[PDB]
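Asker: Before I ask anything, let me first share the structure, which is written out below as structure tokens.
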Amino acid sequence: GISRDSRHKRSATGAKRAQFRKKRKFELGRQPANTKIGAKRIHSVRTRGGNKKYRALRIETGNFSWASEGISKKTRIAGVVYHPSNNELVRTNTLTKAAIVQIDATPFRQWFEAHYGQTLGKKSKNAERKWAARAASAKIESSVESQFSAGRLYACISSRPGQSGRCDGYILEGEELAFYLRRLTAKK
Amino acid sequence: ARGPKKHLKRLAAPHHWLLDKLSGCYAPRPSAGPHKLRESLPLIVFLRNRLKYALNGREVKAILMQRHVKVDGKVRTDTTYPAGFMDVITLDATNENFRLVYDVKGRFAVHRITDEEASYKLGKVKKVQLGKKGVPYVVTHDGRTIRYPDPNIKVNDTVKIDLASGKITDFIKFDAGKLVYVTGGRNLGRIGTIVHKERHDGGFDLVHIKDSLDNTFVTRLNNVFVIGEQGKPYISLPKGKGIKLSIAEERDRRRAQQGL
Amino acid sequence: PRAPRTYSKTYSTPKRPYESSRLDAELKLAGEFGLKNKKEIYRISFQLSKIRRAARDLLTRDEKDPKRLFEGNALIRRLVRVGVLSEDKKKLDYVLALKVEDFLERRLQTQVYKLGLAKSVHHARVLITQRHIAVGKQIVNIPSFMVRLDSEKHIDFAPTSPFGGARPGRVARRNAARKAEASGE
Amino acid sequence: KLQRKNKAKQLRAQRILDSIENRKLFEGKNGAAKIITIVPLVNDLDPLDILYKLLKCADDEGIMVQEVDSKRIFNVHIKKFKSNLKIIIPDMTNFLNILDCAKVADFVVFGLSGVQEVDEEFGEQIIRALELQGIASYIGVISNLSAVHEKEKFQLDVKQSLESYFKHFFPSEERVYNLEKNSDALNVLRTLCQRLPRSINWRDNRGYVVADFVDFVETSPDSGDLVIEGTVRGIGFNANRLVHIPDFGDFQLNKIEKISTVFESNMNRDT
RNA sequence: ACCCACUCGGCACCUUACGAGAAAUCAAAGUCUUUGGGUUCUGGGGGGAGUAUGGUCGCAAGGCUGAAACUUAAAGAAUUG
RNA sequence: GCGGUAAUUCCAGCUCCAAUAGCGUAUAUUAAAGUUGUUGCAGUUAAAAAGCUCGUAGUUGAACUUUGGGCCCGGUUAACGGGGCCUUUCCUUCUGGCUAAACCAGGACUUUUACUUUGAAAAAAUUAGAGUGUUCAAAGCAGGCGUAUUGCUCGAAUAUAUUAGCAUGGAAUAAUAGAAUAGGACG
RNA sequence: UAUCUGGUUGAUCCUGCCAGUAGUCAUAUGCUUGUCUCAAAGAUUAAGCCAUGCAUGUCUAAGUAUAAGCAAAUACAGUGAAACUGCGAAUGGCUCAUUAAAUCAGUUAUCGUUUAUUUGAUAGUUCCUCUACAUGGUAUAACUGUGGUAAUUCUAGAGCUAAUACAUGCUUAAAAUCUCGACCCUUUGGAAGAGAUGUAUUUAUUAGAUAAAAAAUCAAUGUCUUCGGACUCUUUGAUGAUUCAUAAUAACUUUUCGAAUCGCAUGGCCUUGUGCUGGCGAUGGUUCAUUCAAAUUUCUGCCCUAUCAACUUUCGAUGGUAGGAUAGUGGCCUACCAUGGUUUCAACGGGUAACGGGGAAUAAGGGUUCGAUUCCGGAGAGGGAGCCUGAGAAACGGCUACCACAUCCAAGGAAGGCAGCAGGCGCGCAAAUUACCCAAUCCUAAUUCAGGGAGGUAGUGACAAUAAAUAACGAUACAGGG
């Protein structure tokens, strides 16, 4: 079907090769999986060597990570806002590795309330000592607070959906976040 | 060709098996095991072409299924079990123990060893790593992986496994001045001391070895197996003490032990 | 799939086939030593040329090369063990100096001529063919046996073969039977 | 290269298509009278044993068992080679019956014995007579070679002696088979099933019918009609032409029915 | 301007064979079976044939490049009549 | 009857020669062939020097830079080859001891190459070749010797593989780079 | 180991080609044919077409036994047809059509990957803040019985019953460390009890130091002295090289694994319970290593051709970024953006009656010619393509579809792949038996046992090669050298 061998393309000199053999199996390729947004629907695929690649066809509520506090929460995915490679996947909301998506906010803000105690967008003396020990570290930059006030964050998917099923990622921080806002506001 | 190969024709066997080119058109092809097939000796060849105890395939088969041949203290019932270098295979029914070691000419030779000192086996530790769950382990030339080694044991050294469960006894460091035996190449079967080791980053550090009669040679590090220090190797050497004398004095020795 | 069996032809035809001189020499050799055809002369000349090529390209080798010493000693040793070279000619220029005749002299047919016992060279050939002579103990019927030196003194009549006793042959048996049935009664 | 290959293919197809319309003309398989007659040449020989050896190697015991009881003309259908064999054993006491059976047949098989030599008064005259009267395809075979000493060297000496005898009599064929060995029995069977018979000029230019059902119906008190169900081979018959029946004479045909049309003899009857 | 001697670079010549060559002849056609200073081009018996085809140059005439099937035992230097 | 008979012998026999359980023929190829020529062809007249000159790639390209002398020692049969010292001469990237930047013990050491020596790593069969009486031989890798009553035992070598890649000694031969705006070395 | 001789020849000499000579492990053919050892053989033309038969099955003490099978422990127990299950069927064998930087040869790389098996290591954590574990449940084949079809190794509905089948499912220690904290008692504050802590997956982050020595700072600030404040061993492997091996934290998962299996043995303990505990194995299982391999890969090397000089990029040609896919790198594919890459040192195109190499013939050396073929590597099963199962296939003695042939008939439908072994037709100058056997060499399987046209033996056989019978000795009479 889909071939990966280097024998159907021209050589470095423009020389046209000839068919050395039929299409072998150990160089096969498989059909793409344009994974959409919806309820979870996953098909498994048997691979060379007898392993499995969990092809995710529809997925939501993936894992996402905050690097600075280093936490990870299972969160819904509102949808793709920017894709670096192709533009049509933004229109049809197709997930890939390294994709700029918009996700919901709430598990992060409940963790922040339970962990630091301060509020964004506007008893228990042991927990008071916990907050005092965790004080003088509650400052984050302005744009993440503005997103928390909005209720949706900009994250980047850094996991392969069609190769392992999961749709994992990290929320943007700093220079990455600034560059992606600049590109998003310049294009859109 | 669509899968692994299971047959081995004659005129594709190792030459040190000493297989006759007539009397059949096929060779054993040892199955997977401790050694690669090009450096291995199947039990069928060892028991019908070296000892002449068997006569054919079915007699050595009846030997093996009668549970009399043990490789490394374990009973093996394959005719094509690849017995290789520094194996201590035993025949308990007749009370001899054998050790496989290259002769002076480069072929696997019979070498009778006692009840004692058949209780160990040397092994070139080939690569050391740190396994899963933090445990450190070594693996030698015959696939044996031994956990919790002595920390001074590094890559390309010699350990001394006894028989039972690994349990590495006193080992040998790799440095100049040690008795060294050869397991590959043109100088296959000579013994000697390292006089120097040359280092070449990128590939194949070489070793300069001088034997007991001041005949020096150079070999790649993959064919180097240090067996001890000067004067007292820990194993019993084969006949001729691994010297590789030239043809003229070999013919002189033929004319010396000729007659009576 | 069985390994090929190796073989080699052991004679060679002359390039110039037809001239008077060597034809005269070959017919002379056949007359003196009892030869069936010209294959025997070609065989001895071929093995002699092989020997001389070996002696020659060891002679082009420099002195005290161990290969030259070893192979020269082996070649001289085999050609004195056959008995063609004399004892006092163990040199490479001397092994270059051989002929066809002294190779043909060391054959068994010529030797069973020379030790008595045959009284004619063609009688020697037909009586060596006919299974009458044991070298050592073993009965041999090959005229081109190339007798060595250590087996030179053992050429005797066989334990079979009525020339060495042991139940006289077929024609004598039938003659005795005829004279028994006729002149007996 | 491809133009060369096409030129070769086109010329080869031309050659084959030229060579096809010479051999394709026959039909057999589903229905064919490829008659085999078994002719012994030694009095101490049983042709029923020959037919037993022949039918044993098609793995069909029931046909031979049904042939054991009382029959001499056999319709055996082979499913291995898918061939309709008709086996006829002539009467050895009627030599003219042997001549008629051989002159109607397409295949004849000669049974030869390895113990008793061929009689110069019994079998040799049969061989000469069948040669002279017109002979179709023939196969010679040995049956009693087991009655010879058990060792194969003597038996093959006998086999080559009778091969020499047959090639003095018939040099066109050279190998005489053994029915003790199953292999040559199978070779005989495939030869009988597959190989096309040659033609005998006199019998195939006037037609011949081998009959199975010949019964009588009443037409007149002085003469009536016999009913011959039969296989027609050769040239075919005409309603007006006369027909000869051996040991009966010449008669006029009256009616023809074709089962696989109705033909009645008109005023053009030969008197 | 002429004469004598010398020298460089030429166009040519007479003799010779130290050498070369099949011979006529050659100060090069010498330093070559004792065969190697550097480097371009061309030829492989005679016909078919400088034909046929292709390409290219040319307004034309024509030029440059250029085979094969087939066939055949043949096709320079002197002396002597 | 003789002789001649583009009878290119028109047909048969006798004798002789060569090879011989084999011999001839056809085709293809190799050698003798120096008619493919690198070793090793030829070009005045026998085939063959462009009509002539310039010129790109290609091939080829003047000479010159550590010579010579003395010292010892040991290797091989008075000769041959070797290594260190001195003679303005051991020139480079770094550790540990003697010290007052310089000695000793140590890993490497081509400005970039070509060349050449030694070595590694180089499948078996085949090739050359050592041994061994398959009865000889082509072969095969066997075998040989004994109280032949519980046996002993040699051996299954060696050599080659011109290329490309790897390591190593040499520095003749043939190349390249270095300080002319000193933008240079050495502390 | 290095010889020549005739044709132009009329009287001569050289150039020149032809003819003669010899060899071929080089094919055929003509004639003849006694012996011994040895053995190539439908490659050239047609990788053309195939009747018939064999060529792949497999059970040990160790998965399933109610055969109304054969024989001889009241659950079974000997042997064992059938069938489910597991493994193999991807090795062999054949052929040389394609293939001209493709295969191949030697040499490397995988710090860029897959790997059934063999061998060595390797799993106290599972439901759980109300539970079968001295053992959960469903079906189905084989079988009984009824049938359809002309046919095929075609099968339907009906009734039974098992697993190492399919589907679920708890055991197990103690310690330690973290998050949440009833809090209390008032502080330099310190505390009951709740949860979590195997492996595998995916993501984010952190540790994975190390060329030799001297002070002042603050913050996180820990133990101890003598609360002045002092402070010490502190722990890190390999490689030439790593974001390596590995560890730790936060989570995630249609939660992968963590023994509901089988044989042979009756050991030990006493509370004497049909209690506790216990051997020798076979079979499975996660991860890593080893081994059999596999796939991509660096360097250098090919036959003839200029009557092939420019070629590659619509429709990827060269590179960059990111993505998809793959076992994995990679224009292998897609989006975007650059305008590149090869070439007289002959690119690209064409021819090959071209598989490549180890090798073979020819012996002065150098070379010329051949290699379809006993070994190694590649490709293919009439031409293409796609694919299921599986560790491994783009398999063809597997399937599907089209194409070209072509078979059976009840005219409705079904079955096909000899470039495997024999053999047949055809093509030809050109090539053997429809034989015997697993005894040797070895392969496959549940495995000493069965199977193997792999292979061996024999038949045909003047391919080629070795050894040497067809006569030997007298006497007589002559002829001699005498």
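Residues 2-261, in that order, are what chain B shows, numbered as in Swiss-Prot.
Including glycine, each Cβ sits where the backbone N, Cα and C put it.
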Asker: So one of B:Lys10, B:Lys133, B:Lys211, B:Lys245 should carry the feature ubiquitin cross-link according to Swiss-Prot; which one?
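Answerer: According to Swiss-Prot, the ubiquitin cross-link annotation belongs to B:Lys211.
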Asker: Name the residue among B:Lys22, B:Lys106, B:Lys179 that Swiss-Prot annotates as ubiquitin cross-link.
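Answerer: Annotation hit in Swiss-Prot: B:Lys179.
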Asker: Can you dig through Swiss-Prot and tell me which residue of B:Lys53, B:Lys134 is labelled ubiquitin cross-link?
Answerer: B:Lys134
Asker: So one of B:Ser32, B:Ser213, B:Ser237 should carry the feature phosphoserine according to Swiss-Prot; which one?
Answerer: B:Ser32
Asker: On the DSSP side of things, how many residues of the domain 'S4 RNA-binding' (B:42-105) fall into helix, strand and coil, could you say?
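Answerer: Split by secondary structure, the domain 'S4 RNA-binding' (B:42-105) comes out as 14 helix, 16 strand, 34 coil.
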Asker: Go through B:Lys62, B:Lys168, B:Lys179, the listed recorded sites, and name the one with the sparsest Cβ surroundings, counting other Cβ atoms within 10 Å.
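Answerer: Across B:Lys62, B:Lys168, B:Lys179, these recorded sites, the one with fewest Cβ atoms within 10 Å is B:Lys168.
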Asker: Cα-Cα, whole number of Å: B:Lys233 (ubiquitin cross-link) versus B:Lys168 (ubiquitin cross-link)?
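Answerer: A Cα-Cα distance of 23 Å.
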Asker: Would you mind sorting out which of B:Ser32, B:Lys62, B:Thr115, B:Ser247 (the recorded positions) have a C-alpha within 10 A of the one on B:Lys168 (ubiquitin cross-link)?
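Answerer: Within 10 Å of B:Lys168 (ubiquitin cross-link): none of them.
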Asker: On a C-alpha basis, identify the one among B:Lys62, B:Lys134, B:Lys161, B:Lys211, B:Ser247 that is nearest to B:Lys174 (ubiquitin cross-link); the candidates are the recorded positions.
Answerer: B:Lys161
Asker: Express the distance between the Cα positions of B:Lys211 (ubiquitin cross-link) and B:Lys179 (ubiquitin cross-link) as a whole number of Å.
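Answerer: The separation of the Cα atoms works out to 11 Å.
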Asker: Taking every protein chain in this structure into account, which of the modified residues B:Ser32, B:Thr115, B:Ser247 has the most other Cβ atoms within 10 Å of its Cβ?
Answerer: B:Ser32
Asker: Taking Cβ distances under 8 Å as the criterion, give the subset of the recorded positions B:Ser32, B:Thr115, B:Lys168, B:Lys174, B:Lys179, B:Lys211 near chain C, ordered by sequence.
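Answerer: Listed in sequence order, the recorded positions near chain C come to none.
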Asker: Can you tell which of B:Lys161, B:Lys174, B:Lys211, B:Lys233 has the most other C-beta atoms within 10 Å, given these are the recorded sites?
Answerer: B:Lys161
Asker: Looking only at DSSP and grouping its letters into three states, which state does B:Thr115 (phosphothreonine) belong to?
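Answerer: The three-state answer is coil.
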Asker: Tell me the Cβ neighbour count for B:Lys134 (ubiquitin cross-link), meaning other Cβ atoms within 10 Å of its Cβ, over all protein chains shown.
Answerer: 5
